[PDB]
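Reviewing the structure listed below.
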Amino acid sequence: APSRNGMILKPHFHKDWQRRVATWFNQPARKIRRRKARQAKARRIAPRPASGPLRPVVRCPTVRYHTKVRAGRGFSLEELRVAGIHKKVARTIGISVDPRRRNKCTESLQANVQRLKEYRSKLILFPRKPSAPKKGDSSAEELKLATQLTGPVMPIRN
Amino acid sequence: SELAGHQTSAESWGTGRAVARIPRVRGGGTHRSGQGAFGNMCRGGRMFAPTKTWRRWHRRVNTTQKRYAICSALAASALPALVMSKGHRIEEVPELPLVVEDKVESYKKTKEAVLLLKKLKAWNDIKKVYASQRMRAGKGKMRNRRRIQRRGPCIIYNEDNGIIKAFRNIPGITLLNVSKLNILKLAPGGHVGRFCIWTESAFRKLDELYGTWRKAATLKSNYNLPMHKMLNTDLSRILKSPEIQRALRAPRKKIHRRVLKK
Amino acid sequence: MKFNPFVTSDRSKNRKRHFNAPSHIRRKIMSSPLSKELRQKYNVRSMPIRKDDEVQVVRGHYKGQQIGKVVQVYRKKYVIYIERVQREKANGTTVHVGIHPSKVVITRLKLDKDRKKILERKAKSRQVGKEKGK
RNA sequence: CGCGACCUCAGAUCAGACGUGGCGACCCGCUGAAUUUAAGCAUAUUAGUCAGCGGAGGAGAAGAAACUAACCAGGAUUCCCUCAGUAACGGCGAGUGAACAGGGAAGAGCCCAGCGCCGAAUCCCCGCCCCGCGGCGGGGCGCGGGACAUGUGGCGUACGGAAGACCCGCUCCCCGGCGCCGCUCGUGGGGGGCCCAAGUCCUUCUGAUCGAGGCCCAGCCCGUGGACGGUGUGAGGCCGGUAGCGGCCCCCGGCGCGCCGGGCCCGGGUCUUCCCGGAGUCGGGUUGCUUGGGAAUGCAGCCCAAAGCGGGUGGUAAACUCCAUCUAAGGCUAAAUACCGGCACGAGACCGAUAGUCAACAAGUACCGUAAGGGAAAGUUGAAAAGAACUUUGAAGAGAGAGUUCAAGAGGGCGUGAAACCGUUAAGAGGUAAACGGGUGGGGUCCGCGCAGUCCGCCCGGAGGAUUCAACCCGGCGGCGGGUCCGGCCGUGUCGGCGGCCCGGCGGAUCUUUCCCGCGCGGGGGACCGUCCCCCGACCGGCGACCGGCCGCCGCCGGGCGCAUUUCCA
RNA sequence: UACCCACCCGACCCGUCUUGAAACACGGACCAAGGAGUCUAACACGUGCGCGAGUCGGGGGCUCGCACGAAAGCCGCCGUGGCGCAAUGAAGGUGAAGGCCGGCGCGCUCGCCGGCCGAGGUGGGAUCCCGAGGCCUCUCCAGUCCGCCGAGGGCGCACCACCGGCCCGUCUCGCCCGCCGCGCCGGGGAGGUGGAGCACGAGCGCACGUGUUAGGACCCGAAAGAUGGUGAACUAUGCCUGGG
RNA sequence: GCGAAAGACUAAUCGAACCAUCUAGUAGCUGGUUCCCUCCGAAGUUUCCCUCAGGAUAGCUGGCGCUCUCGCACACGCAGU
RNA sequence: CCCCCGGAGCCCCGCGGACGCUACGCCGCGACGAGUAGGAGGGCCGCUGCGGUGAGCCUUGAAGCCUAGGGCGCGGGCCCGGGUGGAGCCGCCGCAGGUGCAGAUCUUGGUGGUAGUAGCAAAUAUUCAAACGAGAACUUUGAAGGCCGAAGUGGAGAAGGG
RNA sequence: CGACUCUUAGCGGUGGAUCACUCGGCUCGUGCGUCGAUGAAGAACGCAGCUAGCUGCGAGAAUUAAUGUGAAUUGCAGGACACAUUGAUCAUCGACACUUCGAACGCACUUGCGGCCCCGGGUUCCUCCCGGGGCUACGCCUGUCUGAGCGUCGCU
Ligand SMILES: [Mg+2]
Ligand SMILES: [Mg+2]
Ligand SMILES: [Mg+2]
Ligand SMILES: [Mg+2]
Ligand SMILES: [Mg+2]
Ligand SMILES: [Mg+2]
Ligand SMILES: [Mg+2]
Ligand SMILES: [Mg+2]
Ligand SMILES: [Mg+2]
Ligand SMILES: [Mg+2]
Ligand SMILES: [Mg+2]
Ligand SMILES: [Mg+2]
Ligand SMILES: [Mg+2]
Ligand SMILES: [Mg+2]
Ligand SMILES: [Mg+2]
Ligand SMILES: [Mg+2]
Ligand SMILES: [Mg+2]
Ligand SMILES: [Mg+2]
Ligand SMILES: [Mg+2]
Ligand SMILES: [Mg+2]
Ligand SMILES: [Mg+2]
Ligand SMILES: [Mg+2]
Ligand SMILES: [Mg+2]
Ligand SMILES: [Mg+2]
Ligand SMILES: [Mg+2]
Ligand SMILES: [Mg+2]
Ligand SMILES: [Mg+2]
Ligand SMILES: [Mg+2]
Ligand SMILES: [Mg+2]
Ligand SMILES: [Mg+2]
Ligand SMILES: [Mg+2]
Ligand SMILES: [Mg+2]
Ligand SMILES: [Mg+2]
Ligand SMILES: [Mg+2]
Ligand SMILES: [Mg+2]
Ligand SMILES: [Mg+2]
Ligand SMILES: [Mg+2]
Ligand SMILES: [Mg+2]
Ligand SMILES: [Mg+2]
Ligand SMILES: [Mg+2]
Ligand SMILES: [Mg+2]
Ligand SMILES: [Mg+2]
Ligand SMILES: [Mg+2]
Ligand SMILES: [Mg+2]
């Protein structure tokens, strides 16, 4: 029974909110459950970027959002034959492969290629064995670091 | 519980039977059979509006509100008036924003700590705590909240280099990091002005923590101290400046008992 | 303060873990201190009381210096039963009266294979803590 | 009128496996209302909810697009925020009512069938040995079985792959054992056991202390321990404990080297030849449920039923027509994600025994109903049974003494022990039922007193009696106030130093890539403005911000002053 | 003041529904204990506090075995967004700006070009400023200081009333066009009207009061409806088998 | 369901059982709604209602307020006149 | 000349100010204070919980309970006198409620009046003596009177009962 | 003062409020995520020196062996033992056990009926009979044996 100026209100509580209410007194213990994963995963994979693999620069879709940029899913395929990285190798080298992106422009292609070219250069390939041959980066470039990258690898700033 | 007194299967034999029209319990050769169930009014039964879990237990403050709550608590951690007037037994203390060497972060034994609190003449707050230990009045006693006591001096330190261990067993003392101050603990009870012991390391870090005034915090993102609503807080000086007194009508204080008419 | 969660601190829960603890544990609980002589000689503060151990009452109605020997141990009533520690009933039939370990002091331990090794191992732990603190 | 292959199909208490019930919060299929709501009412909603039913696991489902989009594009799932209570639906009304983009948790990808390539390269079950045996497995050897040619292995699967040619560079994984070395985060992984400070010090309360003063710094000790519980009252110290990369002993977990037995000739990049999608499926017509999906979102039955530059999609039917984007008909999967059931814990602004769960206890117990089912009441002696020995009255129940108890006016349904209610003792009343309001009076129990309540406090005058002073200086100490802002230190406003400016930073899409580093961009440096510091100089608020001297005054202490003073007393 | 008693005056038993209850209306023997406006979401106004054309809050992150801790702190997060920062139209979309001056186009109250000022005015408008004139002041005059009074005049917020203006919709009317393009192209005027508009801002966040709903919903209070189950031990029938 | 037929009977139950759940079912309708004091203080009137036991809006009430005046020798306004 | 209050000696004192000035304190004027529903305000009115704080109180006796023990508020209640009780409790400043009962044929438990009231009425039936026993109308034995009256109150079974 | 009655008081009960405790709830978190035909969940009955109930257990029945632990156990008895000893007790549990129903399994549920294997006595397989041990429920998979079919053939 309305009285003198309000809104209409179709509050939707005619069903049964009561039974299916989730309260959130997990929230903070969950915060911590999470903490211990972030934590543990890093200590397990010791030298490896804690955040996760390298992930591509990418443009947001719909018209409003245009001007932004993101970590995309993974770098395209077309992208790799160009950087000279085999798609199945990339996946082992902490390089994120989406294989499902239609690459339409040379602008965002080379932009995103430069990230791989950049990655190669500042990547210490820790060798199969200790007494190991080619492509693994030398015992100097090896001693210097035990360094997990905290935060997103080569973070994408607009 | 959601089932509180609500597990009964009682119809209510309403009207024509004297009784009362409550829902009354079925069959039986017990006594609990034709009692009443699901009435607030009745045994077994249940309350008004079962106290539910999704009560809005917790609450809310704006960052700025609760930053300059700390300001006001800290500013009154000077001013022996307010600090004493919490019964913080500061009389033989040398000075009030009480700063101490940064040797203190490194005591690792309660005996050292205790010898500091003598030599800063600050026993007698802990002493006081130490006399105020009794059994809580009420029902809390039978719930993990039996004893109680005063608060003792707050002690603050930019880095636990062993200190918090030392000042722990001493009753009343709470440690607070400077980088992580807390209004609950600086201003307990929502009253202002607790006795605090800055250690030089910490005491420097206060302006860089959360600002001087004509300078950013440089440790919080954007935060600067609250401005005052007025500068000359004493008005008694104001009220007998010659500026004011000159421009005032002369009093009226004959008073004026009313006149009985004859 | 306690800390270790994985321990209780609950008015009720360790009130409970009292008059429901098994005889296994009640030994440790039913311990009394040693007299200065032994506490010196042996480097052990307090011992579990045992059936034939000699004991001085310290608190209670009938405190004294009389070294009586322990007779038996209600670990059920969870209380010990000593020698001239006793009262006369209405009929003359003397009955002993209960006392804790905690309100009593050991003046002569009754030694053994199994009890010696505890006295060694407690005294070894004491000194390991003092050598660790050193 | 035989024997033999196969195909179909039986029988075996055959050899070996396995399935079935329960649990059921969470999980998945389906099924499925009506109260209720709409002020009725059937449309709608409750609501794909409850019951019903079916099904799983430590989580369940889903999942590697027949997606999203309309961007300059993104890129499996789920989840949280967000969209957003929005697009639409609706006797367009009650309600209903999602999605697309972004941010974030987490984040992993992959496998079939076919086309083909490869002496089935395969697979199953026996027998003998070699190792292995408390999740039955490797190694070998056997014209020991059998499936499989209606098709078993490898590569391969669309993000290309196969096959060829020559372009480049070069060779370590897997598994059965069998050892051994580093016990491998709460701050030595899991579990168990076992273990690690300090007073029963004085005195004094008390039945008993754990209480109150004290005790070489709030007393003594300890204090990486002062949580808690026990302990004839409130106990850091008595005891268990607590804290404490505190100790040690088993076991269990997991990860590191060796030996061995087996398995494996597994790359990378270029040019050509060809080779490709899963049918009664898509789609359509229809009907039925569903959502929000719509002139059809989803799911159904039936009817009709495809193609191969095709098919779906690209959200008001449709033709034409242009563009985008996936690729179904086969399939798997951690992670976040859910958890009123279980085991095991931790806590609380909680309830505190007519509350709190039905249940603090013989609680799902007693009892009821034939049965489905229904389903209670009921905690407390004391500290210790020390629970009345013994005399006596009484058939006995009960008493009186006595005894025990700090307390039995704590006596076995015992802390306390209300009111209704009843028990008797004392006082007073009593023909209009009691009971009530206003006003007095009498009497009591008590309560103040007074064996004068003459209540106190100044000042003064008088008369007695008694100490050292007050007034004064002088020595000291400590305040206060004043100013000369005298001298210095302090800060407000102004000016000067352009002096910090690079030895002062940080902010700014300010400017230079004349610079440097890394790849036009990023980082760094250099210029600019706004900001915040030094030097010194000048003015002014000269400010509670002092500190030094000079002053003026006060107070205290110590000297002097012996008595017409200055106190005390009556 | 309270207990009993005494008197004098007063005097119906409460609760409730009720035009009207002592009711010849209903509840109510007495006493103990229990017992009824609760929580959440959403609005709305009122108010409190923070910051302010912003402001937030999460959800996320970074910082704990929590003793206190499931706290507090902090984050180009800090804004990916909400709310606000602008409306109007069904929709394509448009979008708050006027004055003045000079010059140029015939100032044609039409078009364009240079400068100046910038939210138009009127009436009320707390009101701040100016203020003629008093009004003293031991003498006559002179005169600076100082207040009180002060007719009269000026700026005028907030607000109210009005008159003006600009954006969008729609109408009417009527002018000139630009010309990446051709105008069934786009574009510009005048007047009127519709708009929950702009016309030099007030929101945001967080409290609390009230209220209104949605919620079981202040508690108690039906006849019903639905879904699943148990019963022929009574009785009703049928049947089977016994007895009189 | 069962009825030689009477709405008989279905275990003290029948115009159609009992048990549990949906279940706080709904109720314009009965009843009640728990501490003091101070101040102001109604209506049973309006139009629409599947409205006549109820709602909708007219009123009247309180609260919250605000804009001002001037009783500070120096007031305009309002009004059951 | 017409001089300085650290002194005019003060009803005016402007050189410095109540005892009074909890600056939401206190003081003087006037004026006014019928109330259901409702609002609003005020409640050192009341209940239970926590953060503060009260060198709070407490085995030299708390809560409750009880009091023809003194009082105070208008009153919510509050404060004081004694006894008993035996373990804990309160005051202020805040915060938090499942928050204050006479009512609901309200819920549970208890208790009255009624009231020592209704009532112990279906089958004709008992009496004596002894025993036993503390105690006998009620048990037993004897004796006597009676009934059921073989379609039984006789003697055996089913189902049920256990 | 006669008795009753009312009020109040002084005490006696009755009742069980109030208060004060609390081995229980409730709520909220965390860790793990535990069945079975080898025979579960659920029930029946039995088991102690004196034991009805709860609880614990299963004809090895208020437990079994073992390892810690390390002297009790106890309402009362009674006990071994040698407390210089698996050594009392308790916890753990890992060694062994598992009465009857039950998905309940030979068929039915009376508690009766059987079948088929073994080993005692009986026999001296002579068959019962008496004694003892193992199997025997339905579905279905891989395999095996035995088959059926005017199904399709082949050879005769
Ligand atoms: Mg991440
Ligand atoms: Mg309840
Ligand atoms: Mg209380
Ligand atoms: Mg199953
Ligand atoms: Mg209705
Ligand atoms: Mg309806
Ligand atoms: Mg209806
Ligand atoms: Mg419907
Ligand atoms: Mg539906
Ligand atoms: Mg719906
Ligand atoms: Mg269901
Ligand atoms: Mg998606
Ligand atoms: Mg203690
Ligand atoms: Mg204690
Ligand atoms: Mg100890
Ligand atoms: Mg389909
Ligand atoms: Mg629907
Ligand atoms: Mg698929
Ligand atoms: Mg799957
Ligand atoms: Mg799965
Ligand atoms: Mg009870
Ligand atoms: Mg209960
Ligand atoms: Mg009791
Ligand atoms: Mg009681
Ligand atoms: Mg007593
Ligand atoms: Mg007592
Ligand atoms: Mg007690
Ligand atoms: Mg009693
Ligand atoms: Mg009486
Ligand atoms: Mg009398
Ligand atoms: Mg009515
Ligand atoms: Mg009448
Ligand atoms: Mg009535
Ligand atoms: Mg919105
Ligand atoms: Mg109906
Ligand atoms: Mg009829
Ligand atoms: Mg009034
Ligand atoms: Mg509460
Ligand atoms: Mg009550
Ligand atoms: Mg006859
Ligand atoms: Mg017979
Ligand atoms: Mg009771
Ligand atoms: Mg009680
Ligand atoms: Mg044949």
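The numbers here are math on the coordinates, done by the rules we state, and not lab data. Counting neighbours? That spans all protein chains shown, and the Cβs are built from the backbone with ideal geometry, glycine included.
For a quick check: sort A:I95, B:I126, B:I183 by the number of other beta carbons within 10 angstrom, fewest at the front.
Arranged by neighbour count, lowest to highest, A:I95, B:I126, B:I183 become B:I183, B:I126, A:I95.
With a Förster radius of 60 Å, plug the Cβ-Cβ distance of A:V69 and B:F48 into 1/(1 + (r/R0)^6) and report the FRET value to the nearest 0.05.
So, using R0 = 60 Å, E works out to roughly 0.60.
So which trypsin sites (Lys or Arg not before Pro) in region A:13-107 are both in a DSSP loop and have at most 15 other Cβ atoms within 10 Å of their Cβ?
A:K15, A:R19, A:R20, A:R64, A:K68, A:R73, A:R100, A:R102, A:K104
Check the straight Cα-Cα distances from A:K87 and name the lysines below 18 Å, setting aside those fewer than 8 residues away within the same chain.
Qualifying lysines at Cα under 18 Å: A:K117, A:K135.
Over the residues of region A:1-71, compute the C-alpha Rg and express it relative to 2.2 N^0.38 Å.
So region A:1-71 has a normalised radius of gyration of 2.08.
Which far-off residues, 5 or more places away or on another chain, put their amide H under 5 Å from the one on A:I95, with H placed in the peptide plane?
A:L54
Output the DSSP H helices from chain B with an along-axis C-alpha extent of no less than 30 Å and a mean Kyte-Doolittle hydropathy no less than -1.0.
Helices meeting the criterion: none.
What percent does the relative contact order of region A:58-98 come to when contacts are Cα pairs within less than 8 Å and at least six residues apart?
Reported relative contact order: 35 percent.
Under 21 Å Cα-Cα from B:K141, which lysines qualify once same-chain neighbours fewer than 8 residues away are excluded?
Qualifying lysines at Cα under 21 Å: C:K2, C:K13, C:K16.
Using every alpha carbon pair in the protein assembly as shown, what percent of pairs falls into each 20 Å bin from 0 up to the bin containing the largest distance?
11, 24, 33, 24, 8, 1, 0
For region B:148-231, with only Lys/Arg (+1) and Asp/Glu (-1) charged at the beta-carbon, what is the dipole magnitude about the Cα centre, in debye rounded to 20?
240 debye
If you add up the charges near B:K86, with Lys and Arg at +1 and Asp and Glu at -1, over every other residue whose beta carbon is less than 12 angstrom from its beta carbon, what do you get?
+4
Taking 8 Å as the Cα distance limit and 6 or more residues as the minimum spacing, I'd like the relative contact order of chain C as a percentage.
Relative contact order here is 24 percent.
Let me check against my output: what whole-number percent is the relative contact order of chain A, with C-alpha pairs under 8 Å and at least 6 apart?
26 percent
Any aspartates and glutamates with Cα under 12 Å of the B:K261 Cα? List them, leaving off those in the same chain fewer than 8 positions away.
Partners within reach: none.
In whole Hz, with x marking every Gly and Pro, tabulate ³J(HN,Hα) for region B:93-99 from phi via Karplus 6.51 cos²θ - 1.76 cosθ + 1.60, θ = phi - 60°.
Coupling constants for region B:93-99: 6, x, 9, 8, x, 8, 9 Hz.
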